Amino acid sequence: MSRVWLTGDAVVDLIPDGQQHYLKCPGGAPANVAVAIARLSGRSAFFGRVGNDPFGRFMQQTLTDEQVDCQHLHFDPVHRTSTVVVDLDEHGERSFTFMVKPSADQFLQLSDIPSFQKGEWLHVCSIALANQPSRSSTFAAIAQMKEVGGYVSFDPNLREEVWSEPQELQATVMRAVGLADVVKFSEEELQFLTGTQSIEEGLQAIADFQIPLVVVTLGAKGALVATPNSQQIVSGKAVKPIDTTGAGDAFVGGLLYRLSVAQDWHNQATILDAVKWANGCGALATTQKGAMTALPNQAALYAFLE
């Protein structure tokens, strides 16, 4: 069972629950992925910075509770933990307002990067690339994982408002796309990043990247899986979402859990099965408010997939 490293932003998502209240929900895409993997009995570890504040300590506690290795989660001395307000009438990027800019995670330093080993995974989202020093630190982490013979997963997970220089987003994100073994886009993100109007055109636009595995999520319709000379839609049972927050991260968690335990993750059968798990995780994640709340264990996932 290969270790999956997650890095980036652990955040508190404030999610409406009644007209005058927010639920205090643990979140942050790479933290969500870490917990998704752990819930499936995988080996996940998180490195990054939160703030020395109650929200940062709450995220440390959450990762601890969830059996995610968080020895390399540090408290920044000055900056605050990311705090995000969710609007449930919107979906994805449009649903979030980032109250802390730049939050502690944006100050990831080179010395925060842990030792990597051959065969490990590193998963990254674009918020880690939004501002310096995290951007350069995260690119260094990617280069180090590649050098040691590990694998790199990237989910742009675009949140434009976090970028102090939003005009840098497209190029910076595409630089990371070019480094990854696995890239997951939503349909909308693929089109945005490539300036195209369809998935077909978006996939053609990234062909010269020779990305080993691209997955494009299609909401209730599942996911398009693109590997060399092959495209295939993989879909499971559609559900009516209660909260879509983090469904994409649950998806990545199932995907990477299955790739991480595979003898040879490049194998087409392994990939398609991993995407079946991913779709089931994404569906189940939507059944409760909070990105992490309904991240399934294997008993729940197997029951749903049957």
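The first residue of the sequence shown is number 1, and the count goes up from there.
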(message) I need to verify one thing: averaged over C-alpha atoms only, is the B-factor higher for 123-131 or for 229-237?
(response) 229-237
(request) May I ask you to compare 149-157 and 189-197 by their mean CA B factor in the entry and name the higher one? (result) 189-197
(message) Per the entry's Cα B factor values, which of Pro114, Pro77, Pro102, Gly178 stands out as the maximum?
(response) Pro77
(message) Looking at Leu110, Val182, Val162, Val216, which one carries the largest C-alpha B-factor according to the PDB entry?
(response) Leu110
(request) Classify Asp249 as lowest, middle or highest third according to the C-alpha B-factor given in the PDB entry, relative to its own chain. (result) lowest
(request) Just say lowest, middle or highest third for the CA B-factor of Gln268 relative to the other modelled residues in its chain. (result) highest
(request) Among all modelled residues of this chain, ranked by Cα B factor, put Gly27 in the bottom, middle or top third, i.e. lowest, middle or highest. (result) lowest
(request) Looking at the entry's B-factor column for C-alpha atoms only, identify whether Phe139 ranks in the lowest, middle or highest third of its chain. (result) lowest
(request) Among all modelled residues of this chain, ranked by Cα B factor, put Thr172 in the bottom, middle or top third, i.e. lowest, middle or highest. (result) lowest
